[PDB]
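Here is the file my_file_9.txt (compact mmCIF, C-alpha atoms).
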# COMPACT_ATOMS: atom_id res chain seq x y z
CA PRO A 1 -196.61 -120.04 -22.39
CA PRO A 2 -199.96 -119.19 -24.02
CA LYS A 3 -201.99 -120.21 -20.96
CA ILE A 4 -200.08 -117.94 -18.57
CA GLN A 5 -200.22 -114.94 -20.92
CA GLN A 6 -204.02 -115.02 -21.08
CA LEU A 7 -204.42 -115.07 -17.29
CA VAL A 8 -202.18 -112.03 -16.70
CA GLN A 9 -204.08 -109.80 -19.13
CA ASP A 10 -207.38 -110.79 -17.49
CA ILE A 11 -206.59 -109.90 -13.87
CA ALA A 12 -205.41 -106.39 -14.74
CA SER A 13 -208.54 -105.64 -16.78
CA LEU A 14 -211.00 -107.03 -14.22
CA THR A 15 -213.06 -104.54 -12.20
CA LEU A 16 -213.04 -104.06 -8.44
CA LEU A 17 -216.41 -105.72 -7.83
CA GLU A 18 -215.42 -108.67 -10.03
CA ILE A 19 -211.97 -109.15 -8.47
CA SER A 20 -213.67 -109.52 -5.08
CA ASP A 21 -215.26 -112.72 -6.41
CA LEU A 22 -211.82 -114.14 -7.20
CA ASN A 23 -210.52 -113.19 -3.75
CA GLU A 24 -213.61 -114.75 -2.14
CA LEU A 25 -213.19 -118.18 -3.75
CA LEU A 26 -209.52 -118.60 -2.84
CA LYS A 27 -209.80 -117.47 0.79
CA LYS A 28 -213.17 -119.14 1.51
CA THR A 29 -214.21 -121.73 -1.09
CA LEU A 30 -210.75 -123.34 -1.06
CA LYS A 31 -210.51 -123.16 2.75
CA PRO B 1 -216.31 -114.65 -14.69
CA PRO B 2 -215.67 -116.58 -17.92
CA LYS B 3 -211.88 -116.26 -17.69
CA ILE B 4 -211.51 -117.56 -14.13
CA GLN B 5 -213.60 -120.67 -14.80
CA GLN B 6 -211.28 -121.68 -17.64
CA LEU B 7 -208.17 -121.65 -15.44
CA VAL B 8 -209.63 -124.00 -12.81
CA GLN B 9 -210.57 -126.61 -15.42
CA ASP B 10 -207.10 -126.67 -16.99
CA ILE B 11 -205.18 -127.46 -13.79
CA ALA B 12 -207.31 -130.46 -12.83
CA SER B 13 -207.00 -131.98 -16.32
CA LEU B 14 -203.20 -131.82 -16.54
CA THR B 15 -201.28 -134.97 -15.64
CA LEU B 16 -198.90 -135.18 -12.69
CA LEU B 17 -195.81 -135.49 -14.88
CA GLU B 18 -196.84 -132.56 -17.09
CA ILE B 19 -197.80 -130.15 -14.28
CA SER B 20 -194.15 -130.16 -13.19
CA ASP B 21 -193.25 -128.05 -16.23
CA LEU B 22 -195.84 -125.38 -15.40
CA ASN B 23 -194.61 -125.05 -11.82
CA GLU B 24 -190.95 -124.84 -12.89
CA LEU B 25 -191.54 -121.66 -14.90
CA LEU B 26 -192.99 -119.73 -11.96
CA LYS B 27 -190.28 -120.79 -9.51
CA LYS B 28 -187.28 -120.33 -11.84
CA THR B 29 -188.17 -118.36 -14.98
CA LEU B 30 -189.98 -115.55 -13.14
CA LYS B 31 -187.43 -115.67 -10.29
CA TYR C 1 -198.84 -94.87 -8.06
CA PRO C 2 -200.49 -92.34 -10.42
CA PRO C 3 -201.60 -93.67 -13.81
CA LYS C 4 -198.69 -92.03 -15.65
CA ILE C 5 -196.20 -94.09 -13.64
CA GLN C 6 -198.41 -97.19 -13.42
CA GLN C 7 -198.21 -97.26 -17.22
CA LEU C 8 -194.41 -97.13 -17.07
CA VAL C 9 -194.29 -100.16 -14.77
CA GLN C 10 -196.64 -101.95 -17.16
CA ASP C 11 -194.23 -101.14 -19.98
CA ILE C 12 -191.31 -102.52 -17.96
CA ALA C 13 -193.21 -105.78 -17.54
CA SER C 14 -193.58 -106.15 -21.33
CA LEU C 15 -189.86 -105.78 -22.04
CA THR C 16 -187.29 -107.70 -24.05
CA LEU C 17 -185.18 -110.39 -22.41
CA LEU C 18 -182.00 -108.29 -22.55
CA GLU C 19 -183.72 -105.29 -20.96
CA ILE C 20 -185.47 -107.60 -18.49
CA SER C 21 -182.00 -108.78 -17.45
CA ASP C 22 -181.06 -105.16 -16.75
CA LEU C 23 -184.21 -104.82 -14.65
CA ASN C 24 -183.43 -108.14 -12.94
CA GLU C 25 -180.17 -106.73 -11.58
CA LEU C 26 -182.12 -104.21 -9.51
CA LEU C 27 -184.63 -106.89 -8.49
CA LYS C 28 -181.88 -109.31 -7.44
CA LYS C 29 -180.58 -106.88 -4.80
CA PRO D 1 -183.80 -98.16 -21.72
CA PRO D 2 -186.69 -96.03 -23.03
CA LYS D 3 -188.97 -97.16 -20.17
CA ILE D 4 -187.13 -97.26 -16.84
CA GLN D 5 -185.49 -93.89 -17.53
CA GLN D 6 -188.93 -92.26 -17.51
CA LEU D 7 -189.94 -94.21 -14.39
CA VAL D 8 -187.55 -91.91 -12.51
CA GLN D 9 -188.79 -88.54 -13.76
CA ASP D 10 -192.18 -89.35 -12.23
CA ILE D 11 -191.04 -90.22 -8.70
CA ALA D 12 -188.79 -87.19 -8.25
CA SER D 13 -191.59 -84.89 -9.44
CA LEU D 14 -194.18 -86.35 -7.06
CA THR D 15 -195.28 -84.17 -4.16
CA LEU D 16 -194.70 -85.36 -0.60
CA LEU D 17 -198.42 -85.86 0.03
CA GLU D 18 -198.65 -87.92 -3.17
CA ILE D 19 -195.73 -90.27 -2.46
CA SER D 20 -197.00 -91.19 1.01
CA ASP D 21 -200.39 -92.34 -0.29
CA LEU D 22 -198.97 -94.15 -3.33
CA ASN D 23 -197.17 -96.89 -1.40
CA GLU D 24 -200.36 -97.61 0.53
CA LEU D 25 -202.59 -96.98 -2.50
CA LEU D 26 -201.09 -99.47 -4.95
CA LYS D 27 -200.29 -102.10 -2.31
CA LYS D 28 -203.90 -101.97 -1.10
CA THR D 29 -205.20 -102.29 -4.68
CA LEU D 30 -202.82 -104.85 -6.23
CA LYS D 31 -202.97 -107.19 -3.21
CA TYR E 1 -167.72 -91.58 -12.20
CA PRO E 2 -168.92 -88.20 -13.54
CA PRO E 3 -167.68 -85.12 -11.66
CA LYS E 4 -170.96 -84.34 -9.88
CA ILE E 5 -171.26 -87.95 -8.70
CA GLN E 6 -167.70 -87.71 -7.33
CA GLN E 7 -168.49 -84.66 -5.17
CA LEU E 8 -171.30 -86.41 -3.29
CA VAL E 9 -168.88 -89.18 -2.31
CA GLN E 10 -166.56 -86.73 -0.53
CA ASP E 11 -169.28 -85.10 1.58
CA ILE E 12 -171.10 -88.22 2.79
CA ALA E 13 -168.12 -90.59 3.05
CA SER E 14 -166.30 -88.73 5.85
CA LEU E 15 -168.04 -86.65 8.52
CA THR E 16 -168.32 -86.37 12.29
CA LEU E 17 -170.85 -88.14 14.48
CA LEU E 18 -174.34 -86.70 15.04
CA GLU E 19 -174.04 -85.56 11.41
CA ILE E 20 -174.27 -88.61 9.15
CA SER E 21 -177.23 -89.95 11.13
CA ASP E 22 -179.08 -86.63 10.88
CA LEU E 23 -178.67 -86.44 7.10
CA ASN E 24 -180.06 -89.95 6.61
CA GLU E 25 -182.89 -89.40 9.10
CA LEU E 26 -184.31 -86.50 7.09
CA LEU E 27 -184.11 -88.56 3.89
CA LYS E 28 -186.18 -91.34 5.46
CA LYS E 29 -188.95 -88.88 6.35
CA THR E 30 -188.92 -87.46 2.82
CA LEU E 31 -189.10 -90.92 1.25
CA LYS E 32 -191.98 -91.90 3.56
CA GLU F 1 -165.81 -69.47 13.23
CA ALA F 2 -167.91 -69.88 16.39
CA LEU F 3 -169.71 -73.03 17.52
CA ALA F 4 -173.50 -72.84 17.38
CA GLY F 5 -175.64 -72.68 20.49
CA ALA F 6 -176.96 -75.89 21.99
CA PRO F 7 -180.68 -76.38 21.23
CA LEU F 8 -183.11 -76.62 24.12
CA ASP F 9 -184.22 -80.13 25.03
CA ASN F 10 -187.88 -79.21 24.51
CA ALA F 11 -187.09 -77.37 21.28
CA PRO F 12 -187.32 -79.51 18.11
CA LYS F 13 -184.09 -80.92 16.73
CA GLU F 14 -181.95 -78.44 14.79
CA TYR F 15 -179.91 -79.70 11.84
CA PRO F 16 -176.71 -78.13 10.42
CA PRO F 17 -177.16 -76.03 7.27
CA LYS F 18 -174.91 -78.32 5.21
CA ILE F 19 -177.00 -81.40 6.03
CA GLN F 20 -180.23 -79.67 4.99
CA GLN F 21 -178.71 -78.51 1.70
CA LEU F 22 -177.54 -82.02 0.80
CA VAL F 23 -181.04 -83.48 1.24
CA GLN F 24 -182.50 -81.21 -1.45
CA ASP F 25 -179.84 -82.15 -4.00
CA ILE F 26 -180.43 -85.90 -3.64
CA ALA F 27 -184.08 -85.59 -4.65
CA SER F 28 -183.22 -83.79 -7.89
CA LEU F 29 -180.75 -86.47 -8.97
CA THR F 30 -182.16 -89.40 -10.92
CA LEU F 31 -182.35 -92.89 -9.42
CA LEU F 32 -180.04 -94.20 -12.15
CA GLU F 33 -177.50 -91.53 -11.21
CA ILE F 34 -178.08 -92.31 -7.53
CA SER F 35 -177.59 -96.02 -8.25
CA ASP F 36 -174.19 -95.35 -9.82
CA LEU F 37 -173.25 -93.19 -6.83
CA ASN F 38 -174.42 -95.81 -4.32
CA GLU F 39 -172.06 -98.42 -5.78
CA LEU F 40 -168.91 -96.37 -5.15
CA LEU F 41 -169.93 -95.55 -1.57
CA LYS F 42 -170.30 -99.22 -0.61
CA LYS F 43 -166.75 -100.03 -1.73
CA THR F 44 -165.28 -97.30 0.47
CA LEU F 45 -166.90 -98.78 3.59
CA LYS F 46 -165.24 -102.16 2.97
CA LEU G 1 -176.54 -94.19 20.50
CA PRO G 2 -175.15 -97.30 18.76
CA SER G 3 -171.53 -97.54 17.70
CA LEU G 4 -170.58 -95.66 14.54
CA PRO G 5 -170.05 -98.82 12.42
CA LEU G 6 -173.62 -99.90 13.22
CA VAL G 7 -175.11 -96.69 11.81
CA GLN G 8 -173.06 -97.21 8.64
CA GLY G 9 -174.60 -100.66 8.31
CA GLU G 10 -178.08 -99.14 8.37
CA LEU G 11 -177.15 -96.95 5.40
CA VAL G 12 -176.25 -100.06 3.41
CA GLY G 13 -179.62 -101.56 4.30
CA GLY G 14 -181.39 -98.40 3.18
CA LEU G 15 -180.06 -98.82 -0.35
CA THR G 16 -181.62 -102.29 -0.57
CA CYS G 17 -184.90 -100.92 0.79
CA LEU G 18 -185.12 -98.42 -2.07
CA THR G 19 -184.98 -101.19 -4.68
CA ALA G 20 -187.25 -103.43 -2.60
CA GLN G 21 -190.06 -100.88 -2.86
CA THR G 22 -190.66 -101.45 -6.57
CA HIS G 23 -189.84 -105.16 -6.25
CA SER G 24 -192.29 -105.53 -3.35
CA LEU G 25 -195.15 -104.33 -5.57
CA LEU G 26 -194.21 -106.88 -8.24
CA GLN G 27 -193.49 -109.49 -5.54
CA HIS G 28 -197.23 -109.81 -4.86
CA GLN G 29 -197.97 -112.04 -7.86
CA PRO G 30 -195.32 -114.74 -7.16
CA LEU G 31 -196.27 -114.85 -3.47
CA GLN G 32 -199.95 -115.47 -4.20
CA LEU G 33 -199.23 -118.25 -6.70
CA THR G 34 -196.74 -120.00 -4.42
CA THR G 35 -199.14 -120.15 -1.47
CA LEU G 36 -201.87 -121.68 -3.62
CA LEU G 37 -199.69 -124.53 -4.91
CA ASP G 38 -198.88 -125.60 -1.34
CA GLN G 39 -202.52 -125.51 -0.21
CA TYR G 40 -203.57 -127.95 -2.94
CA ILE G 41 -201.09 -130.58 -1.73
CA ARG G 42 -202.36 -130.14 1.83
CA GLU G 43 -205.98 -130.69 0.79
CA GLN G 44 -205.07 -133.89 -1.07
CA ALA H 1 -170.99 -75.22 54.88
CA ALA H 2 -169.58 -74.79 58.37
CA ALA H 3 -172.60 -72.87 59.68
CA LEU H 4 -175.18 -75.39 58.45
CA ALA H 5 -172.91 -78.34 59.29
CA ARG H 6 -173.34 -77.33 62.93
CA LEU H 7 -177.13 -77.46 62.54
CA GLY H 8 -177.47 -80.64 60.49
CA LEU H 9 -180.26 -81.87 58.20
CA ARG H 10 -182.10 -83.83 60.88
CA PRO H 11 -185.80 -83.04 60.26
CA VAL H 12 -185.46 -82.80 56.46
CA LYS H 13 -186.29 -85.69 54.11
CA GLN H 14 -185.24 -84.61 50.61
CA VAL H 15 -184.14 -81.57 48.63
CA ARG H 16 -184.54 -80.45 45.02
CA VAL H 17 -182.17 -78.10 43.20
CA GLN H 18 -183.32 -77.77 39.59
CA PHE H 19 -181.29 -75.29 37.55
CA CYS H 20 -180.31 -74.75 33.93
CA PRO H 21 -176.52 -74.22 33.99
CA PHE H 22 -176.56 -72.30 30.69
CA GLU H 23 -178.77 -69.59 32.21
CA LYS H 24 -176.76 -66.76 33.74
CA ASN H 25 -178.98 -66.29 36.82
CA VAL H 26 -178.18 -69.78 38.20
CA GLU H 27 -175.02 -68.70 40.06
CA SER H 28 -176.83 -68.31 43.38
CA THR H 29 -178.56 -71.70 43.18
CA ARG H 30 -175.33 -73.50 42.29
CA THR H 31 -173.65 -71.85 45.28
CA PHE H 32 -176.58 -73.03 47.38
CA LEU H 33 -176.13 -76.55 46.01
CA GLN H 34 -172.49 -76.58 47.13
CA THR H 35 -173.45 -75.84 50.74
CA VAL H 36 -176.29 -78.36 50.96
CA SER H 37 -174.30 -80.95 49.01
CA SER H 38 -171.40 -80.48 51.44
CA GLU H 39 -170.36 -83.77 53.01
CA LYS H 40 -170.24 -82.15 56.45
CA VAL H 41 -173.79 -80.83 56.05
CA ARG H 42 -175.12 -84.03 54.47
CA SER H 43 -173.23 -86.71 56.44
CA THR H 44 -175.13 -85.56 59.55
CA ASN H 45 -178.19 -87.44 58.21
CA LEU H 46 -177.26 -90.21 55.77
CA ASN H 47 -180.98 -91.02 55.48
CA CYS H 48 -181.78 -87.52 54.21
CA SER H 49 -181.10 -87.01 50.51
CA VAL H 50 -180.97 -84.29 47.84
CA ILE H 51 -182.02 -83.91 44.20
CA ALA H 52 -179.79 -81.69 42.06
CA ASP H 53 -181.27 -82.31 38.62
CA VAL H 54 -180.17 -80.54 35.45
CA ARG H 55 -182.17 -79.52 32.37
CA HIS H 56 -181.90 -77.21 29.35
CA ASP H 57 -185.47 -75.97 28.89
CA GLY H 58 -184.81 -72.39 30.00
CA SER H 59 -186.80 -72.60 33.24
CA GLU H 60 -185.70 -70.23 35.97
CA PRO H 61 -183.68 -72.04 38.67
CA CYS H 62 -185.77 -73.34 41.55
CA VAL H 63 -185.01 -75.06 44.86
CA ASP H 64 -187.69 -77.23 46.49
CA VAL H 65 -187.20 -78.87 49.89
CA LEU H 66 -189.14 -81.84 51.30
CA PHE H 67 -189.58 -82.35 55.04
CA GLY H 68 -191.83 -84.40 57.31
CA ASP H 69 -194.12 -82.40 59.58
CA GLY H 70 -192.88 -79.18 57.99
CA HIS H 71 -194.44 -78.08 54.73
CA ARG H 72 -192.44 -78.04 51.52
CA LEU H 73 -190.34 -74.91 50.92
CA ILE H 74 -189.64 -73.62 47.40
CA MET H 75 -187.05 -70.93 46.65
CA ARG H 76 -186.34 -69.35 43.26
CA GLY H 77 -182.63 -68.68 42.81
CA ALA H 78 -183.00 -66.19 39.96
CA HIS H 79 -183.69 -63.29 42.37
CA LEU H 80 -182.23 -64.71 45.59
CA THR H 81 -178.67 -64.59 46.90
CA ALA H 82 -177.10 -67.82 48.10
CA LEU H 83 -176.69 -66.49 51.64
CA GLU H 84 -180.33 -65.39 51.93
CA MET H 85 -181.57 -68.76 50.68
CA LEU H 86 -179.30 -70.60 53.13
CA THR H 87 -180.12 -68.43 56.15
CA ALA H 88 -183.85 -68.39 55.38
CA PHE H 89 -183.74 -72.14 54.76
CA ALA H 90 -181.87 -72.75 58.02
CA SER H 91 -184.44 -70.67 59.92
CA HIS H 92 -187.33 -72.65 58.43
CA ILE H 93 -185.91 -76.07 59.32
CA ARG H 94 -185.06 -74.83 62.82
CA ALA H 95 -188.71 -73.94 63.43
CA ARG H 96 -189.80 -77.28 61.97
CA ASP H 97 -187.31 -79.04 64.25
CA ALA H 98 -188.85 -77.31 67.27
CA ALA H 99 -192.33 -78.42 66.18
CA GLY H 100 -191.20 -82.03 65.84
CA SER H 101 -189.58 -82.04 69.28
Representation of the structure as structure tokens:
Amino acid sequence: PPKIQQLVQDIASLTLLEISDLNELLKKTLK
Amino acid sequence: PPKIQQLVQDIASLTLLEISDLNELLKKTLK
Amino acid sequence: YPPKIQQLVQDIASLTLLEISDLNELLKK
Amino acid sequence: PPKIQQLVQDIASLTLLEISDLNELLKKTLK
Amino acid sequence: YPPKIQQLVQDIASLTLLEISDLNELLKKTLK
Amino acid sequence: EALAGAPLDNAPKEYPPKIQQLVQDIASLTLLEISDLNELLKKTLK
Amino acid sequence: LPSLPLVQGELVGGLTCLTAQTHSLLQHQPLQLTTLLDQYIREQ
Amino acid sequence: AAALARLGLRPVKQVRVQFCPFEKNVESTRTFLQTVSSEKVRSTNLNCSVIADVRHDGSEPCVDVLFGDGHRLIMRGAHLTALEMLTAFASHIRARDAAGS
């Protein structure tokens, strides 16, 4: 689907420092 | 980032009956 | 994985359904 | 296919020191 | 099916003990 | 024509020449070729 | 040493391990998504 | 065996007979093992024991004896005849036996 395609392309292009923000929210904000 | 914020808003808006289709793809199509 | 081979895996991800089925056979086992 | 066939030529050509790090390297980055 | 792939079947399929395990052990170190 | 000497317990493990030669050949072969070979071997076991 | 049949079984397992290597790298995405879907139900 | 059997391993506690059978110079030590391992020699003192270990590291054969009051005695078989080891060993334990009683 169109929604899933957009998300995949984003994660690969994201930078190290910026990916850490994603990892932080899931492990901490949602826990 | 701008991309991550969009994903969170979409999931909460979807209805219970419709979210079932999104979950099916990940569990069956990609597996 | 060096970039040269990371690219190849990326190419395998964006494959046709028939070729994906061939890849799936390896993944299934 | 024109993609998986080349996937092989890389692995066999990798040096022993390379291969060892790769499994740790990509797993530590894409996880 | 090809001839070269047939040869490898003969060597590995039937051997004595303390032989098959040594061949695989070296392969594991090379892979790792 | 003569059996090889037993290695010392302290000495590192010594492997037959044939076994060492086979290891080198497997690396050269492609995974696709190895995959075809692997299939025939499994049938022989069962 | 284990019986000869047992060593032969390990060889069969090794073949699966070779394929699992590449699959394991890809297997990271599905695993992350699956765990998240369960957590949401728990929070509710 | 007969000679020592008359003496008996009374004051001894344990023995050690490490040798590498592959090595050529272990003939004397193995002959020494036979005598000490003899049932007649050993039976005398069921409590007393013996170590005849085996290795393949290339070490020269050695015989080490454990006693009580008497100090440990170590003999290298490589350059010792079986008779000389036995007679010298028997002399040592005899002196130790006198010291004990």
Could you give me, as number ranges by chain, the residues within 12 Å of region 3-6 of chain E, counting all atoms listed in the file and dropping anything in the same chain fewer than 6 positions from it? E: 12-13; F: 25-26, 29-30, 32-41
Could you build a table of the residues in chain E lying no more than 12 Å from region 16-26 of chain G, giving for each the nearest pair of atoms and their separation in Å rounded to one decimal place, using only C-alpha atoms, ordered by chain and ascending residue number, as CSV?
residue,atom,partner,partner_atom,distance
E:27,CA,G:18,CA,11.6
E:28,CA,G:18,CA,10.4
E:31,CA,G:18,CA,9.1
E:32,CA,G:18,CA,11.0
Pairing the C-alpha atoms in order across the whole chain, superpose chain A onto chain D by least squares and write the result as a CSV table (one decimal) with C-alpha atoms, in the coordinates of the input.
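Output file out_19.csv is given in full below:
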chain,number,residue,atom,x,y,z
A,1,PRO,CA,-184.7,-98.0,-22.0
A,2,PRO,CA,-187.0,-95.0,-22.6
A,3,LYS,CA,-189.8,-96.4,-20.4
A,4,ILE,CA,-187.6,-96.9,-17.4
A,5,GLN,CA,-186.0,-93.4,-17.7
A,6,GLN,CA,-189.3,-91.6,-17.5
A,7,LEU,CA,-190.5,-93.5,-14.4
A,8,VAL,CA,-187.3,-92.6,-12.4
A,9,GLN,CA,-187.5,-88.9,-13.1
A,10,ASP,CA,-191.2,-88.9,-12.0
A,11,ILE,CA,-190.8,-90.5,-8.5
A,12,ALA,CA,-188.1,-88.1,-7.4
A,13,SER,CA,-190.1,-85.0,-8.5
A,14,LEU,CA,-193.4,-86.2,-6.9
A,15,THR,CA,-194.6,-84.5,-3.7
A,16,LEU,CA,-195.1,-86.1,-0.3
A,17,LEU,CA,-198.9,-86.0,-0.4
A,18,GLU,CA,-198.8,-87.5,-4.0
A,19,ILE,CA,-196.3,-90.2,-3.2
A,20,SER,CA,-198.6,-91.5,-0.4
A,21,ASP,CA,-201.1,-92.3,-3.2
A,22,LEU,CA,-198.6,-94.5,-4.9
A,23,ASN,CA,-197.7,-96.3,-1.6
A,24,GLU,CA,-201.4,-96.8,-0.9
A,25,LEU,CA,-202.2,-98.6,-4.1
A,26,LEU,CA,-199.3,-101.1,-3.9
A,27,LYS,CA,-199.8,-102.0,-0.2
A,28,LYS,CA,-203.6,-102.0,-0.3
A,29,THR,CA,-205.1,-102.0,-3.8
A,30,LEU,CA,-202.8,-104.8,-4.9
A,31,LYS,CA,-203.3,-106.8,-1.6
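Non-sequential neighbours of region 9-26 of chain B (distance at most 10 Å, separation of 3 or more positions within a chain, only C-alpha atoms) are residues 1, 3 and 4 of chain A; 4, 5, 6, 29, 30 and 31 of chain B; 30, 33, 34 and 37 of chain G.
One finds CA of residue 18 (chain E) at 11.2 Å from CA of residue 14 (chain F).
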Pick out the residues sitting within 6 Å of region 29-40 of chain H, and hand them over as a PDB file with C-alpha atoms, in the frame of the given file; count only C-alpha atoms, and ignore anything fewer than 2 positions along from it in its own chain.
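Result written to around25.pdb:
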ATOM      1  CA  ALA H   1    -170.990 -75.220  54.880  1.00  0.00           C
ATOM      2  CA  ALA H   5    -172.910 -78.340  59.290  1.00  0.00           C
ATOM      3  CA  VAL H  26    -178.180 -69.780  38.200  1.00  0.00           C
ATOM      4  CA  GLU H  27    -175.020 -68.700  40.060  1.00  0.00           C
ATOM      5  CA  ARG H  42    -175.120 -84.030  54.470  1.00  0.00           C
ATOM      6  CA  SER H  43    -173.230 -86.710  56.440  1.00  0.00           C
ATOM      7  CA  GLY H  77    -182.630 -68.680  42.810  1.00  0.00           C
ATOM      8  CA  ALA H  82    -177.100 -67.820  48.100  1.00  0.00           C
TER       9      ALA H  82
END
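Here CA of residue 31 (chain F) is placed at a distance of 9.2 Å from CA of residue 7 (chain D).
Taking CA of residue 23 (chain F) as the reference point, CA of residue 44 (chain F) is found at 21.0 Å.
The residue set within 6 Å of residue 52 (chain H), counting only C-alpha atoms and dropping same-chain residues fewer than 6 places from it, reads residues 16, 17 and 18 of chain H.
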Grab the residues selected above and save them as a PDB file, in the coordinates of the input with C-alpha atoms.
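Result went into result02.pdb, see below:
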ATOM      1  CA  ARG H  16    -184.540 -80.450  45.020  1.00  0.00           C
ATOM      2  CA  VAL H  17    -182.170 -78.100  43.200  1.00  0.00           C
ATOM      3  CA  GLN H  18    -183.320 -77.770  39.590  1.00  0.00           C
TER       4      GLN H  18
END
Mind listing as a short mmCIF file (atom, residue, chain, number, x, y, z; two decimals) with C-alpha atoms, in the coordinates of the input which residues of chain C are within 12 Å of chain B, counting all atoms listed in the file?
data_model
loop_
_atom_site.label_atom_id
_atom_site.label_comp_id
_atom_site.auth_asym_id
_atom_site.auth_seq_id
_atom_site.Cartn_x
_atom_site.Cartn_y
_atom_site.Cartn_z
CA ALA C 13 -193.21 -105.78 -17.54
CA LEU C 17 -185.18 -110.39 -22.41
CA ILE C 20 -185.47 -107.60 -18.49
CA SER C 21 -182.00 -108.78 -17.45
CA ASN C 24 -183.43 -108.14 -12.94
CA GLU C 25 -180.17 -106.73 -11.58
CA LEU C 27 -184.63 -106.89 -8.49
CA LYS C 28 -181.88 -109.31 -7.44
#
Around the point (-179.0, -74.9, 64.5) (coordinates from the file), which residues reach within 12 Å if we count only C-alpha atoms? Answer as a PyMOL selection string. chain H and resi 2-11+41+87+89-98
Using C-alpha atoms, can you export the residues from the last selection as a compact mmCIF listing (two decimals), in the frame of the given file?
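Writing the result to out.txt gives the following:
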# COMPACT_ATOMS: atom_id res chain seq x y z
CA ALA H 2 -169.58 -74.79 58.37
CA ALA H 3 -172.60 -72.87 59.68
CA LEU H 4 -175.18 -75.39 58.45
CA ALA H 5 -172.91 -78.34 59.29
CA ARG H 6 -173.34 -77.33 62.93
CA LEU H 7 -177.13 -77.46 62.54
CA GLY H 8 -177.47 -80.64 60.49
CA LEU H 9 -180.26 -81.87 58.20
CA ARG H 10 -182.10 -83.83 60.88
CA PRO H 11 -185.80 -83.04 60.26
CA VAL H 41 -173.79 -80.83 56.05
CA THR H 87 -180.12 -68.43 56.15
CA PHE H 89 -183.74 -72.14 54.76
CA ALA H 90 -181.87 -72.75 58.02
CA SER H 91 -184.44 -70.67 59.92
CA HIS H 92 -187.33 -72.65 58.43
CA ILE H 93 -185.91 -76.07 59.32
CA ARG H 94 -185.06 -74.83 62.82
CA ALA H 95 -188.71 -73.94 63.43
CA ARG H 96 -189.80 -77.28 61.97
CA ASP H 97 -187.31 -79.04 64.25
CA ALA H 98 -188.85 -77.31 67.27
Distance limit 9 Å, atoms considered: all atoms listed in the file. Which chain F residues sit that close to chain H? Return them as JSON, numbers by chain. {"F": [6, 7, 8, 9, 10, 11]}
Could you give me, as a CSV table (one decimal) with C-alpha atoms, keeping the file's coordinate frame, the residues that sit within 9 Å of (-189.6, -85.9, 57.0) in the file's coordinates, counting only C-alpha atoms?
chain,number,residue,atom,x,y,z
H,10,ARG,CA,-182.1,-83.8,60.9
H,11,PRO,CA,-185.8,-83.0,60.3
H,12,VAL,CA,-185.5,-82.8,56.5
H,13,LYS,CA,-186.3,-85.7,54.1
H,14,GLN,CA,-185.2,-84.6,50.6
H,48,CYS,CA,-181.8,-87.5,54.2
H,66,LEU,CA,-189.1,-81.8,51.3
H,67,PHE,CA,-189.6,-82.4,55.0
H,68,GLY,CA,-191.8,-84.4,57.3
H,69,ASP,CA,-194.1,-82.4,59.6
H,70,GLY,CA,-192.9,-79.2,58.0
Counting all atoms listed in the file, which residues of chain G come no farther than 10 Å from chain F, as a ChimeraX atom specification? /G:5,8-9,11-12,15,18-19
For region 18-28 of chain B in the structure I just supplied, write out N, CA and C atoms - as a PDB file, in the first residue's frame.
ATOM      1  N   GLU B  18     -11.093  -1.356  10.053  1.00  0.00           N
ATOM      2  CA  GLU B  18     -10.198  -1.108   8.927  1.00  0.00           C
ATOM      3  C   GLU B  18      -8.751  -1.453   9.254  1.00  0.00           C
ATOM      4  N   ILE B  19      -8.340  -1.302  10.516  1.00  0.00           N
ATOM      5  CA  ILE B  19      -6.960  -1.601  10.887  1.00  0.00           C
ATOM      6  C   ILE B  19      -6.641  -3.070  10.651  1.00  0.00           C
ATOM      7  N   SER B  20      -7.660  -3.934  10.663  1.00  0.00           N
ATOM      8  CA  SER B  20      -7.420  -5.359  10.462  1.00  0.00           C
ATOM      9  C   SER B  20      -6.734  -5.620   9.126  1.00  0.00           C
ATOM     10  N   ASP B  21      -7.082  -4.845   8.097  1.00  0.00           N
ATOM     11  CA  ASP B  21      -6.472  -5.046   6.785  1.00  0.00           C
ATOM     12  C   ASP B  21      -4.986  -4.711   6.809  1.00  0.00           C
ATOM     13  N   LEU B  22      -4.610  -3.631   7.498  1.00  0.00           N
ATOM     14  CA  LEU B  22      -3.203  -3.246   7.558  1.00  0.00           C
ATOM     15  C   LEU B  22      -2.371  -4.314   8.257  1.00  0.00           C
ATOM     16  N   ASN B  23      -2.890  -4.875   9.352  1.00  0.00           N
ATOM     17  CA  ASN B  23      -2.147  -5.898  10.079  1.00  0.00           C
ATOM     18  C   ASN B  23      -2.020  -7.183   9.271  1.00  0.00           C
ATOM     19  N   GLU B  24      -3.040  -7.518   8.476  1.00  0.00           N
ATOM     20  CA  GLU B  24      -3.005  -8.763   7.712  1.00  0.00           C
ATOM     21  C   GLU B  24      -1.826  -8.787   6.748  1.00  0.00           C
ATOM     22  N   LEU B  25      -1.550  -7.660   6.090  1.00  0.00           N
ATOM     23  CA  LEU B  25      -0.467  -7.615   5.112  1.00  0.00           C
ATOM     24  C   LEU B  25       0.862  -8.011   5.747  1.00  0.00           C
ATOM     25  N   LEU B  26       1.179  -7.430   6.907  1.00  0.00           N
ATOM     26  CA  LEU B  26       2.468  -7.693   7.538  1.00  0.00           C
ATOM     27  C   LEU B  26       2.599  -9.152   7.960  1.00  0.00           C
ATOM     28  N   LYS B  27       1.514  -9.748   8.456  1.00  0.00           N
ATOM     29  CA  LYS B  27       1.595 -11.099   9.000  1.00  0.00           C
ATOM     30  C   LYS B  27       1.541 -12.168   7.916  1.00  0.00           C
ATOM     31  N   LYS B  28       0.931 -11.871   6.770  1.00  0.00           N
ATOM     32  CA  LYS B  28       0.754 -12.857   5.710  1.00  0.00           C
ATOM     33  C   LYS B  28       1.475 -12.479   4.425  1.00  0.00           C
TER      34      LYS B  28
END
